[PDB]
Amino acid sequence: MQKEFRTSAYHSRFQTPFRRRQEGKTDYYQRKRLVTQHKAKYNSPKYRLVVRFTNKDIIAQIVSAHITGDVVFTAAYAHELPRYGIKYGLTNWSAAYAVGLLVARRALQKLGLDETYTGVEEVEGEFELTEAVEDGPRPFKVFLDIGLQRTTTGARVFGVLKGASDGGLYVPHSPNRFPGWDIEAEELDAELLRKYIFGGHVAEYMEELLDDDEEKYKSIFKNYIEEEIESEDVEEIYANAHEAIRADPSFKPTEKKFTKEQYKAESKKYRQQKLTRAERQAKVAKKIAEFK
Amino acid sequence: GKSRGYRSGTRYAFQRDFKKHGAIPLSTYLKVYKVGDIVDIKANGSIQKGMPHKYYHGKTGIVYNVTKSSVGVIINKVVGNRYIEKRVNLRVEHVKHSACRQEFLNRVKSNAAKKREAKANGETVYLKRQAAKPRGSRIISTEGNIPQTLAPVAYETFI
Amino acid sequence: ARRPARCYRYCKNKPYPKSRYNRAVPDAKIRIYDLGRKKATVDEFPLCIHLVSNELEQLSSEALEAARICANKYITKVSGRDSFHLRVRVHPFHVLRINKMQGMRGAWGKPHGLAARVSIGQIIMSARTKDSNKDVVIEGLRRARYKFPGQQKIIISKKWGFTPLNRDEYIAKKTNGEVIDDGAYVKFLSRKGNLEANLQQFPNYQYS
Amino acid sequence: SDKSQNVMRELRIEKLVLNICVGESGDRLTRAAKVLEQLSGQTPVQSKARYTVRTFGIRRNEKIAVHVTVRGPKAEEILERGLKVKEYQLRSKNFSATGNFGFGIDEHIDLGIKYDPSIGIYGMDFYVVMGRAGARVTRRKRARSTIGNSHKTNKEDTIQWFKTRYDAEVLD
RNA sequence: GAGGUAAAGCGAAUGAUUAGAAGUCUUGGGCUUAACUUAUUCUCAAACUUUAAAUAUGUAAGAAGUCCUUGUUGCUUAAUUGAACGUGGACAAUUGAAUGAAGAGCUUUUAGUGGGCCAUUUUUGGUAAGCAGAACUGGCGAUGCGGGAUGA
RNA sequence: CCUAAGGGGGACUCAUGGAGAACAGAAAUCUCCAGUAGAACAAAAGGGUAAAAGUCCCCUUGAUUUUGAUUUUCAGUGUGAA
RNA sequence: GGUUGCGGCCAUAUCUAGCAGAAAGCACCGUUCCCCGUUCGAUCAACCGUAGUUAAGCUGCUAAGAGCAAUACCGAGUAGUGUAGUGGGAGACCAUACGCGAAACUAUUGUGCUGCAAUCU
Ligand SMILES: [Mg+2]
Ligand SMILES: [Mg+2]
Ligand SMILES: [Mg+2]
Ligand SMILES: [Mg+2]
Ligand SMILES: [Mg+2]
Ligand SMILES: [Mg+2]
Ligand SMILES: [Mg+2]
Ligand SMILES: [Mg+2]
Ligand SMILES: [Mg+2]
Ligand SMILES: [Mg+2]
Ligand SMILES: [Mg+2]
Ligand SMILES: [Mg+2]
Ligand SMILES: [Mg+2]
Ligand SMILES: [Mg+2]
Ligand SMILES: [Mg+2]
Ligand SMILES: [Mg+2]
Ligand SMILES: [Mg+2]
Ligand SMILES: [Mg+2]
Ligand SMILES: [Mg+2]
Ligand SMILES: [Mg+2]
């Protein structure tokens, strides 16, 4: 009764979007605004702090874009944190802060700007930007790229922001998206921000849940229970981790249990292979014959 | 009433290519232009800022100025009995590097390499390009290729 | 009313069709393009005879109507109304203009009539019939030729009816099960697409 | 693999939407909103007419209808309270091809709430959107995709699930 | 490099359009007609189009070039990065396609003119016109001479 | 003609069709699916635009100051506009 | 080789209908004290990685698949066209000479390639 829509003309005239837009992964509007560089700064690249959250991991990368593809400068993942002493809550706002601090320290070590631009060595939660030192190189400038993730006051991407800013990178930002920002009275409550930096919210949940719902405390905070980690010593886990991250921010790759060839040979066993033209012609001939 | 507006007659010139509408791929914004570069001008209809006039659509020129998002291009236009130097400000979406530079610069590199190697081998080489010359003599073998005789065909109607 | 056709014989202007730009255009005199037994199957009328243009020219809708009527009347009178299927292959889509119906000021004309722009070798009329009805169909077209200006040729087609296949390739594809009826026309077998649907639609398909 | 008796293929209610399309604006619509807030415990939202129709007495952007969306156990409670009014007998023609179903009560006191002369009686519309786990794929911002054909909810599956879960009847 | 005219296309979008056939009417009436849907069919577009010429058109084919080394700045870079302009060094007449070149470049000053017309080809209005209006070129005007008997 | 129909940011996706829901029916409101834009973008027409240039929301005055360069029409004068 | 993050070109990558998927990743998935946003913790925010699952997403494979791309003793040196004649023809138009040269059609083949970082039976 109604016209069939998916005609051959519909498919012929359909213009498919960009591959990574159809994947729903790249916002090319924002990407153009982030990447495009002043034409009189000819080959000087703009550096992005790409911050992406998965269900289990925090990915922070410093990236510059080129015609053949993006090039990673350094990268810090949340699963590197256990090396530094954070094994649980690998997606906290505080885990985000630690990852941002780690990527900042690693980038500055790679560049050579360690003694200059140390950052906020005494984290009190105050809003601060990395100021340049007179008669010295300017701080490494990086712009935050949160991708498709929504901008909300209290979001974890700005946790990675705050960690990277305190780590010595100059990343331009405002404090009105941090946890503890009073929108009515436009000032930042640094006490609550420091709480979030050192897992204060998580510790308060532990304390509030333990005396109200012990069974839920046992299921949600199992790993802490078998690790004998209470609320009062939650903060120290981060406070030490910070210090260790500043002590040795260098990247240590995981020792690989197999070689590239072994990985490839194992994976190739589970990969279906395309039928040859002759094979599918033979299948067609067989189906015709069995159709008589 | 005659109409001679800025974009008159650009109905097809300023159209996007079929199945090529929408966002600009970012290699356009990643290319680097220096003063003295030779660039083609091709208006992109989806960017209306910094758009060239229809005369410069399809022209090639020299970059003379580099600004935040644009380049200044020098074009020579015939006005009566002489050329006038025109200075056009174009956003980089309407600009592309000219491919004639890389070919001539490659012939320069190849000539330098051939001349130095010929000097190393102690011989001489001629570097001037040559037009296609008439072909030389040749012998056509007919083993397996004995000439087939054709004739004009009679008239037929095929409808 | 109507000027002599000589005033509009030649394709001097660009095509001027009905559009959103000219709207008050009269109708063509020809409205019927298929006559005779238009529902006959392809196998019933193997012989095709064409009236072909040897002119780059314009034919009015009035001439198209007159020739259609003349050919139809003669062929139905001599051989019966169901012994043929006549098709007029040119549609008048070009609007002629008339000025008088001051001086040369504002002389852009008003729609006056419709004409078909025909090329050299363009088919004007096609008549599919049986072989035994050749001389009749030919004389029907030869009479219709008088209603047209210029030179036209009566050409006996090499093909089966209104199909694009010769009278031997059609028989080969018919005995090979590659042709099925579609009412007045046929559908041909394709070696592309869904194999099962192709086989179902052409059951007698002797695959090689 | 691809086993139909998988845990994640379980049908369950996504949302229940309660609609009262009072044809006018003002006191009647306000009292209908009061009824909806009473039943659901949630502030309802008023919908405006998309265009003007003189026959129906509505105009564009005039607040006409009121509706509310409930999810979870509260949706289940309201749905079974309404199925009591329907005496657990829907029609085969109450289920859409996409696996959703709906019915409409005519008096809101049949649901089991107290009647007030000031409020009056409003009829009400119930619609239940069915869905399995993984529907977040079609609603999330990043990497949004479509649901595979086998994981989709359809009319036959929804009818069978309704008959099993409510011991009710679907009048074919 | 650019182009969207000729051609082509319409079982490709838009718009126009001839004919049957098979289904659905469940939201048309009296087996029936008419609607739609599906696969087909005839014919079209200066102000339609996926495609797309020929002719015409932009740029380049070096010494003011290419490569190597390292100076200036308040611009620019996280930078010791660049941008521009440079010092110093190497590559010599096949110095980097053809053909031609009563030489190239530059300046001042002033006359007449600012009714045009014709032919081929492209082309608009008009039934057409030794009609009216455009495109490119060549002519007449401004030009005699041989031919078209005669004739811008 | 417009204090937004200007500027910035964010969120959302349009025309239309199908299948469903009391009154409710061809057209009210609700839901899902399909939907390359077949919608919309002040006004002619053409071009352009889909995580937007469209719809809705938040904040605003870059519709500000200074005087040069350039493009179009062009005599390479003015005006307008960019 | 698989996978993820960020990409380049932007369908050989899209679309429809099926099937398979080890490891890790990704994902769905669980919860609402806290920052935050909603008619609705569905989306968005936060928390746990603890209770579960490859069902879906994703990836690959299948189809005389639609589409798309490429190629060509396919059509066709056809249509068109630059240049020429005191060529033909009443004309409409056409042929010839020196050059350039399509589109549809037909057939065949293919169905993402790839850069940086990290990771994995
Ligand atoms: Mg954004
Ligand atoms: Mg174009
Ligand atoms: Mg503007
Ligand atoms: Mg004319
Ligand atoms: Mg044009
Ligand atoms: Mg044409
Ligand atoms: Mg074509
Ligand atoms: Mg068409
Ligand atoms: Mg004078
Ligand atoms: Mg004068
Ligand atoms: Mg005068
Ligand atoms: Mg004179
Ligand atoms: Mg003379
Ligand atoms: Mg003489
Ligand atoms: Mg004479
Ligand atoms: Mg606007
Ligand atoms: Mg605004
Ligand atoms: Mg926006
Ligand atoms: Mg000027
Ligand atoms: Mg001006």
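Chain A is the first sequence line, chain B the second, and so forth, proteins listed ahead of strands; every chain is numbered from 1.
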Query raised in the report: Here, do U72(E) and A12(E) pair up as Watson-Crick or G-U wobble, each distance under 3.5 Å?
Result: no

Query raised in the report: Can a cation-pi geometry be assigned to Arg138(A) and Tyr170(A), taking NZ or CZ under 6.0 Å from the six-membered ring centre and within 45° of the ring axis?
Result: no

Query raised in the report: Under a 90° cut-off about 0 for the syn range, is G54(F) syn or anti?
Result: anti

Report task. For this output row, return yes or no: ring centroids of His91(C) and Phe93(C) closer than 6.0 angstrom. Result -> yes

Query raised in the report: Is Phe56(D) stacked on the base of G25(F) when the test is centres under 5.5 angstrom and planes under 30 degrees?
Result: yes

Report task. Quick one: label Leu90(A) by what it contacts on the DNA or RNA (base, sugar-phosphate, nothing), any heavy atom closer than 4.0 Å. Result -> nothing

Query raised in the report: Is there a donor and acceptor pair closer than 3.5 Å between the side chain of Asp57(A) and the base of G5(G)?
Result: no

**Report entry** 5' priority, RNA chain F, between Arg142(D) and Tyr55(B) [closest heavy atom]
**Finding:** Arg142(D)

Query raised in the report: Quick one: is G20(F) close enough that its OP1 or OP2 comes under 4.0 Å of any side-chain N or O from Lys155(D)?
Result: no

Requested in this report: Determine, answering yes or no, if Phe14(A) is stacked on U36(F) under the 5.5 Å centre rule and the 30° plane rule.
Outcome: yes

Query raised in the report: Would you say a side-chain N or O of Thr54(A) is under 4.0 Å from OP1 or OP2 of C26(G)?
Result: yes

Report task. Purine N3/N2 and pyrimidine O2 for minor, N7, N6, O6, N4, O4 for major; tell me which set the side chain of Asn89(B) gets under 5.0 Å of. Result -> minor

Query raised in the report: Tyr127(D) on top of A21(F)'s base, within under 5.5 Å and under 30°?
Result: no

Query raised in the report: Under a 3.5 Å rule for both distances, is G65(E) the Watson-Crick or G-U wobble partner of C91(E)?
Result: yes

Query raised in the report: At under 4.0 Å, does any side-chain N or O of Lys3(A) touch on OP1 or OP2 of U38(E)?
Result: yes

Query raised in the report: Pick one for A27(F): is it syn, with its angle within 90° of 0, or anti?
Result: syn

Query raised in the report: Would you call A34(F) and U16(F) a Watson-Crick or G-U wobble pair if both distances must be under 3.5 Å?
Result: yes

Query raised in the report: Reckon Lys287(A) has a side-chain N or O less than 4.0 Å from the OP1 or OP2 of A64(G)?
Result: yes

Query - Residue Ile120(C), side-chain atoms from C-beta onward, closest of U43(G), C94(G), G8(G) - result: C94(G)

Query raised in the report: Do the six-ring planes of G25(F) and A26(F) sit under 30° apart with centres under 5.5 Å?
Result: no

**Report entry** Phosphate contact (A63(G) OP1 or OP2) by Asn194(C) side-chain N/O below 4.0 Å
**Finding:** no

Report task. Verify the contact: side-chain N or O of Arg19(A) to OP1 or OP2 of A11(G), cut-off strictly under 4.0 Å; return yes or no. Result -> no

Requested in this report: Syn or anti for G46(F), please, going by whether the chi angle lies within 90° of 0.
Outcome: anti

Query raised in the report: Expressed as a whole number of Å, how far does the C1' atom of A51(G) sit from that of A11(G)?
Result: 43 Å

Query raised in the report: Can we call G60(G) and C19(G) a base pair, counting Watson-Crick and G-U wobble only and needing both distances under 3.5 Å?
Result: yes

Query raised in the report: Is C30(F) paired with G20(F), either Watson-Crick or G-U wobble, both distances below 3.5 Å?
Result: yes

Report task. Look at the side-chain N and O atoms of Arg20(A) and state whether any lies under 4.0 Å from the OP1 or OP2 oxygen of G7(G). Result -> yes

Report task. Decide if the gap between the ring center of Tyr16(C) and the ring center of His94(C) is smaller than 6.0 angstrom. Result -> no

Query raised in the report: With stacking defined as ring centroids separated by under 5.5 Å and planes differing by under 30°, is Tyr6(B) stacked against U72(F)?
Result: no

Query raised in the report: Hey, is the side chain of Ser96(D) poking within less than 4.0 Å of OP1 or OP2 on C32(F), counting only N and O atoms?
Result: no

Query raised in the report: Distance check: side-chain N/O of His38(A) vs OP1/OP2 of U76(E), anything under 4.0 Å?
Result: no

Query raised in the report: Does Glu57(C) come within less than 4.0 Å of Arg9(C), counting only side-chain N to carboxylate O?
Result: yes

Query raised in the report: On RNA chain F, nearest-nucleotide positions of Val53(D) versus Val129(D): which is more 5'?
Result: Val53(D)

Requested in this report: Would you indicate, yes or no, if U109(G) has its OP1 or OP2 atom less than 4.0 angstrom from a side-chain nitrogen or oxygen of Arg277(A)?
Outcome: yes

Requested in this report: Please confirm whether any donor atom in the side chain of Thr43(D) sits under 3.5 Å from an acceptor in the base of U39(G), or the reverse.
Outcome: no

Query raised in the report: With respect to the phosphate group of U72(F), does any side-chain polar atom (N or O) of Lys86(B) fall under 4.0 Å of OP1 or OP2?
Result: yes

Report task. Based on the glycosidic angle (syn within 90° of 0, else anti), state the conformation of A4(F). Result -> syn

Report task. Output yes if the stacking criterion (under 5.5 Å between centres, under 30° between planes) is met for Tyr8(C) over the base of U127(E), else no. Result -> no

Query raised in the report: If you take atom types as modelled and just measure distance, does the side chain of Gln2(A) reach the base of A34(F) with a donor-acceptor pair under 3.5 Å?
Result: no

Query raised in the report: Do any side-chain nitrogens or oxygens of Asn149(D) fall under 4.0 Å of OP1 or OP2 in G18(G)?
Result: yes

Requested in this report: Find the partner of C10(G): check Watson-Crick (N1-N3 plus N6-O4 or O6-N4) and G-U wobble (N1-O2, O6-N3) distances, both under 3.5 Å, and reply none if neither fits.
Outcome: none

Report task. Give a yes or no on whether a salt bridge exists between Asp57(A) and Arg52(A), defined as a side-chain N under 4.0 angstrom from a carboxylate O. Result -> no

Query - G-U wobble or Watson-Crick pair formed by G15(E) and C44(E) (both under 3.5 Å) - result: yes

Query raised in the report: Does the aromatic ring of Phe93(C) sit over the six-membered base ring of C44(E), closer than 5.5 Å centre to centre and tilted less than 30°?
Result: no

Requested in this report: Using the P atom as the reference point in each nucleotide, state the distance between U14(G) and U62(G) in Å, no decimals.
Outcome: 15 Å

Report task. Could you measure between the two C1' atoms, the one in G3(E) and the one in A52(E), and give it in whole Å? Result -> 11 Å

Query raised in the report: With a 4.0 Å cut-off on heavy atoms, is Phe178(A) in touch with a base, just the backbone sugar-phosphate, or nothing at all?
Result: nothing

Query raised in the report: Below 4.0 angstrom from OP1 or OP2 of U127(E), is there any side-chain N or O of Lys12(C)?
Result: no

Query raised in the report: Can you name the closest pair of heavy atoms from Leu90(A) and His79(A) and give their distance?
Result: CD1-CA, 4.5 Å

Query raised in the report: So, is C48(G) syn or anti if syn means the angle is within 90° of 0?
Result: anti

Query raised in the report: Stacking check: are the rings of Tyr21(C) and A47(E) less than 5.5 Å apart at their centres and under 30 degrees in tilt?
Result: yes

**Report entry** Pairing partner of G37(G) (Watson-Crick or G-U wobble, both distances under 3.5 Å)
**Finding:** none

Query raised in the report: Closer than 4.0 Å, any side-chain N/O of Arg271(A) to the OP1 or OP2 of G2(G)?
Result: yes

**Report entry** Salt bridge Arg87(C)-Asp34(C), side-chain N to carboxylate O under 4.0 Å
**Finding:** yes

**Report entry** Stacked pair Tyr185(C)-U41(E), distance under 5.5 Å, angle under 30°
**Finding:** no

Query - Residues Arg48(A), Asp70(A): salt bridge by 4.0 Å N-O rule - result: yes

**Report entry** Non-hydrogen atoms of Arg132(D) and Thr153(D) that approach each other most closely
**Finding:** NH2-CA, 3.8 Å

